[PDB]
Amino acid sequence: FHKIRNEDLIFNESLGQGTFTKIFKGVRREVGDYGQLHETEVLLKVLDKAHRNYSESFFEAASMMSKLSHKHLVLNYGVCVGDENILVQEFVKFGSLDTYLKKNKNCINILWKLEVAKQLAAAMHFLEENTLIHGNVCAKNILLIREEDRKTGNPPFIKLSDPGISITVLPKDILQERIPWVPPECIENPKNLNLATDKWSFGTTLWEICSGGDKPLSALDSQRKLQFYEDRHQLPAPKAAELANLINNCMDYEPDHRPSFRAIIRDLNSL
């Protein structure tokens, strides 16, 4: 990981929090191409001091995104390691997709959703061909690089962000709170993290995209989410149910039966 000096980073407004992290918008001063000095907007993820013992995992997540280069994967600029574990990533202009769906719900049609789903499925297919597990696919980890422009025909463009601290080391209560993004076999055993995990979570993310930013099973507490998995329930079809069958096919309780992302892309194109 490229090391960035603390002196070259300026922390600005807080954007929110992740699991054991605080997120800030900021600015990196750098020497760019041709030796020109640049002031670049950056996203700064700060691991909580109280959870410093997660540092390794906290960085390993980011590491998984930087071992491969792809147009749909977020760029990591580097790491700043005083008493702070700081990850420096690219700043995406329009933020995460859950909030965007919530705010622009009344003007998102099936074509926009289909384009976003195809791009996410392409990123996940790239990961699958490389046998690289993401482990936390959700709308909050999808970032909107640019908006759809029907005046020029430009589609929206999205990127997948890093998964954050892995579910293989997170406390059990946080894992149960993450139902139904966390597949049943990982609730049974978090070490069952596998490529099929991402297919299940991709189905859940499609539910999110079709539900205008609503969170599935948010009305259920952790015990009731556990029991939801115990009774082998499926998520209800969204009011916009164009992708409901694909959602249910991806969220198969048998991990070996979840369709490959090539078949998922074939379904999306068939629609």
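Throughout, we count residues from 1 along the sequence that is shown. By rigid core we mean the largest C-alpha set that fits within 1.5 Å across both forms.
- Displacement analysis by core superposition in 4 other deposited structures of this protein ranks 60 to 68 above the other of 35 to 43 and 60 to 68 in root-mean-square C-alpha distance from the shown form.
- The deposited sequence places no unmodelled residues between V169 and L170, so the chain runs continuously there.
- A summary of the deposited B-factors shows that, of 131 to 139 and 144 to 152, the stretch with the larger mean C-alpha value is 144 to 152.
- Note on 5 to 13 vs 245 to 253: mean CA B-factor is higher in 5 to 13.
- Of the candidates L193, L120, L73, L175, the deposited coordinates give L193 the top C-alpha B factor.
- Between the residues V42, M64, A237, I209, it is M64 that shows the highest Cα B-factor in the PDB record.
- When the modelled residues of the chain are ordered by their C-alpha B factor, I187 lands in the middle third.
- In the deposited entry, the Cα temperature factor of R224 sits in the middle third of values across the chain's modelled residues.
- Split the chain's modelled residues into thirds by C-alpha temperature factor. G26 is in the lowest one.
- Sort the modelled residues of the chain by CA B factor and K159 lands in the lowest third.
- Ranked by C-alpha B-factor against the other modelled residues of its chain, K93 falls in the middle third.
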